[PDB]
Each structure stands twice: as C-alpha cells, then as structure tokens.
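Enquirer: based on what follows, work out the 3D shape:
(one chain, ligands or ions: 1)
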Amino acid sequence: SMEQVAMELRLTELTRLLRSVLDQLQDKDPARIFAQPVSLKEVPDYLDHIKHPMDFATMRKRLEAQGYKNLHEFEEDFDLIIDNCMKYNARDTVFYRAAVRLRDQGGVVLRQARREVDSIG
Ligand code: NA
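Expert: Numbering: from 1, shown residues only. Coordinates below:
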C-alpha cells in the first residue's frame, strides 16, 4: 500500500535525523570511551554488574537497521551508555567523569532534537 511507503519515508527521515544526532553525541566523546562495547574478554564479570550493555557502535547497527521507532527509544539507549558507566565505575575515575560530560554536553543536542522531531513529525 501507499500508506506503508509514506510511513517508510518518515521512518527513513527519522533515521536520517537520528544519524546526525548520533554523530553529534559521539563527537562529545573524543576519547572514544563509549565507542565500542565493554570487552567481556577484558572485563569478564561485566554482565554480573550490567544487565543491558550499550555503546555507540551497537546503537549505530540498530540505527542503520531502522530499529529506532521514535526518539524515546534512541534516548533510552544513550542513557544506558551513561548510566551503566556511572554504576560500574567509581566517581573518581576517568570513565565516570567522561560519562558526566557526555551527559551534560548531550543534553543540548537532545533538547533540540526533541523540538525538530515534534516540529517535522
Ligand atoms: Na558504582
């Protein structure tokens, strides 16, 4: 049907906006601390601590599979990256600190993306 295509055209444009959002968020992690999943070979106990791991490459594969229905789902994944890090790592570490900064710097970008999504559809 013609409805399904118009929907697919919107999902596609939502994917195009979320791609740009993802690039802007990832630019706020120049150290690439959140680039890739936490290594289970290197932190073998990680899953005893963190039940839902997340990272920017894993978000990217979901993004390109058009697996984000809306901005809320996308934000959930971003928040996981931050919240996981802040639990596993103590306050006085470079990792915890990198998350706090990513959160603060990401808020501006997510603020405007919420307006652009409401505004465009
Ligand atoms: Na902790």
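
Enquirer: now the spatially most central residue of the chain: how far from residue 4?
Expert: Central residue of the chain (CA atoms, centre = their mean): residue 78, 3.2 Å from the mean position. Distance, residue 78 to residue 4, using CB to CB, to the nearest Å: 29 Å. For every residue, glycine as well, the C-beta is placed using N, CA and C.

Enquirer: and for residue 114?
Expert: Distance, residue 114 to residue 4, by CB to CB: 26 Å.

Enquirer: between the two, which one's more packed in?
Expert: residue 114 (13 against 8; other CB atoms under 10 Å).

Enquirer: which SSE is the more buried one in?
Expert: Element membership for residue 114 (DSSP states H and E) is helix 94-120.

Enquirer: check which residues of that helix are buried.
Expert: By neighbour count on 16 or more other CB atoms under 10 Å, the buried set for helix 94-120 is 96, 98-99, 102-103, 106, 109-110, 113, 117.

Enquirer: over to stretch 60-70?
Expert: Residues 62-63, 68 are the ones in stretch 60-70 that count as buried (16+ other CB under 10 Å).

Enquirer: go ahead and confirm residue 88 touches residue 45.
Expert: No - judged on CB atoms under 8 Å, residue 88 makes no contact with residue 45 at a distance of 10.0 Å.

Enquirer: neighbour-wise, which of these two wins?
Expert: Neighbour count, other CB under 10 Å: between residue 88 and residue 45, residue 88 has more, with 18 against 9.

Enquirer: wait, the residue nearest to the centre of the chain sits on residue 60?
Expert: No - Residue 78 lies out of contact with residue 60 (CB under 8 Å); the separation is 12.0 Å.

Enquirer: which residues in this structure form strands?
Expert: Read by DSSP state E, the chain holds no strands at all.

Enquirer: can you pull out the helices in it?
Expert: In the chain, the segments counted as helices under DSSP state H are 2-26, 46-49, 56-64, 71-88, 94-120.

Enquirer: please tell me how far residue 103 sits from residue 114.
Expert: With CB to CB as the criterion, residue 103 and residue 114 are 16 Å apart.

Enquirer: buried residues, stretch 21-39. List them.
Expert: In stretch 21-39, counting by 16+ other CB under 10 Å, buried: 21-22, 24-26, 28-29, 33-34, 38.
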